[PDB]
Structure formats: C-alpha cells, structure tokens
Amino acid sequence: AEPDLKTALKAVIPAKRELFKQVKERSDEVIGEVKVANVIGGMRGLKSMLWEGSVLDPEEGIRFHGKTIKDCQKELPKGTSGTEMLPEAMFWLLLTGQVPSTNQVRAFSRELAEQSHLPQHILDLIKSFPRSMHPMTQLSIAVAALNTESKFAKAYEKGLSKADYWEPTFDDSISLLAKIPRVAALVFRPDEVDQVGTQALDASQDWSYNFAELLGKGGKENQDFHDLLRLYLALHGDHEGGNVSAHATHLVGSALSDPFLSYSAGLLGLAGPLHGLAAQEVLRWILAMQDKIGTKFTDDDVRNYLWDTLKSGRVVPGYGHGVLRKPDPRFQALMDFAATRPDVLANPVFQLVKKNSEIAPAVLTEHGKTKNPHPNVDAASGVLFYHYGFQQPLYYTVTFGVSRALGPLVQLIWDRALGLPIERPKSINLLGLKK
C-alpha cells in the first residue's frame, strides 16, 4: 500500500507549521488598507483571511495549489470508467498539496464507501421533515444532526491537546464526506428513506458514482452523468475562503465547533439566493423565461425578460461575482462539457442558457450596477442536471452542498493543525464612521 490520506497529510503538516512560524515573524507588516467601502460593502476587496488550498484570481479564476482547472482535469486521477477528474482526488490535492496516485485515490474512494452509513436517528430526523420543507433546510439540519457522531466534540469535551485537534477534525471531515451524499439522496427521495438510508454502496466505485447510485442514477446506462457529476463536484469543492459557505464553515469552526456543526453553517450560507441557491434560482428563472418567450424567440425576447427582471428590483441569477471580473472558468468548463455532447446542445433549455450568456452581460452592463456582468458557474450547472433528468430546481443547491464540503473541510483541518484562532473582526456603527 502507498501512504493513505491521513499519512500523506502528516508528512506535509510540519512544513506548513514552519511556514506559519515564518509568516508570523512578519505579523506587523502592512499588506493593504481598510477603507469605508470595505466596511459598508461586506468586506469587498479586503484580504483578511487565510485559505490554503485555493486562491482566486479575478482576471484568471481559481487555482488549486497553483494549478488551474485544466491542470487538475489532466493530472487528477479518473474513475474506473469515464474521462472526468474525481472530486475525492481534488480533496486529496486540496489537503496535501500533492497529486494522489490512482491507487491512493482508489483506497480513499473505498474508505468513503465504507463510512457512508448513517445512525438510525438521522433517518428518523429526516422522516420528520414535512414534504414542503426546503431541501437546503433539510440538508443543513441533517448535517448538524450528525454532530452526535463527532469525535472532535467528544474529544474536545474530554480534554484534548491543541496540537492534536486536527486528527479528530480530520476524522470527522472524512466521516461527513462519506455520509453527505447519502444524506443528500434522502432529501431527494423522501418517500424512500428506509431503502436509500441503508442501501449498500458499490465498494469498488468512486464517490460521485455512489452519489448517483443513491440518487437512482447508477449503472452503465448512466455513465455520462457520472462523468458530469464527477466534474461538477470537483469544480465546486473550493473557491477560496471568502465565499459565504467556506467562510461560514471557517467562522463557526474557529470557535471549535466540530465539522458537522461548522459545515452545517456553511450550508445555511450556501442556501442564500446570492450564494449557492443561485443554481436553483437560475434554472427556475430560465424555465420561467422559456414559458414566457416560448419555443421560437428572438434575442429581444431574452433581452426584455432580463430587463424586466432587473426593473422588478431582482438580480439576474448566475451573473456576477464578489471577486471575478471575467467569465468564470468553472462556467466555461461546464459549457465545454456540453460542447462534446450534441444531445445536450440540442436541449432547448441548454440553448436558452447559452443564448442568455450572449445577451445578459450587455444588459447587465447597461443596468450598470454590477462590477461583473459575466456568467458564474451557477448559470450553467442546473441546466446540465435538468438534461440528465433532475428537473426539480429546488434540489439543485443540495448537490452543491455535497461538493462544497470538500474545500472547507480541508481548511478546517488546516485551521486546527495550525492553531488558527477564533475569527473576530471589529465592527463599528455608521455614526462611528461619520465622526
């Protein structure tokens, strides 16, 4: 056997700690300014937090340990079938800063299958949800409810040494990762909780495949979607630290809440319309537009629907970003996935998304409120699930929730390993800013 993930982590921990010691010697160095805009504009442009596994360039998009999406697509191991990079390999990369071998990822995928089972009480809890409860509300709750399984909480409560916080944090992160797909599947399939909640995973298969199996999309006849799902989950894993869900996870984590509670809070932030609930909102908005404009439509019909949306005092979902000033390479990667599949390009809903990406930026620029008129990844993700038969847009952000566990759980482990403190900015009132 090659080194397992935990062993791989331990090898890189001392080097990171030494680097932390060196960065700390320069604590007093000025790296920027705070202005009034930063305070009133939700900390926009303010480099104020540490995130190790990914950094976002506004012009060029995301890099994971200095590697582009395309670099990751080429370098990360693939599944037993298919052409797309595995999220579990992305997780490995994020955590260790090193690309895993295919063997190492297979061993890791196998561990994730083994640890996906849920305690009976989580099944009972999910069964208590009324049918109408929003799916992200369900997902967030069930993840927090898994804090009964937390080794970190129990170890912290028993007395535990600061240097060894990361191990329980890591154990919990792997546990949450293994379980969350199944939880997510229970949200998708409320009538089939007893079967879905206990059904065995194929032990020889990757995370995305098993997530699809639990969704009712397993086997060879669904292998194209397995590839989409793999790509999708790996693309949404991490997008630096400033995004609401990552940040919330870190923030709640910094008070030494365990990873289930911490990432529950992530999920609550991800449920925000301005954040990941945009994936849902994009496709609902696109379907509404389709109903209004019909099968045969002009550019103006699309232009008018966007302008009407803006004039209603609503956002155009799937366009804009707190950091990016160009089209999101995650968005482009999903469009390129579509580009080689003629049945997807023929899907009228996808065509509408494509057409909308050609018109929305001009309209958004004419409106002139947004810093970034370009599409983000949420513009394209939902239409792709729709194409493969996931046609209830209320569930779309749930799949994002599974993905977005990856980066933030990585960061929590590092936060505990480094001994990073509680997150505690200073606030001030408007009268205080005026003085």
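When you see a residue number, it is the position in the sequence shown, counting from 1.
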| property | result |
| --- | --- |
| 91-99 or 280-288, whichever carries the higher mean Cα B-factor | 91-99 |
| Between the two ranges 246-254 and 291-299, the one averaging a larger CA B factor in the entry | 291-299 |
| Selection by C-alpha B-factor (highest) of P259, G272, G82, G320 | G82 |
| Out of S357, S264, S132, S161, residue topping the C-alpha B-factor column of the entry | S161 |
| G382 - which third its CA temperature factor falls in, relative to the rest of the chain | lowest |
| Assigned third (lowest, middle, highest) for the C-alpha B factor of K220 | highest |
| Chain-wide C-alpha B factor ranking for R189, given as lowest, middle or highest third | highest |
| Third assignment of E366 from its chain's C-alpha B-factors | lowest |
| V316 - Cα temperature factor, lowest/middle/highest third of chain | lowest |
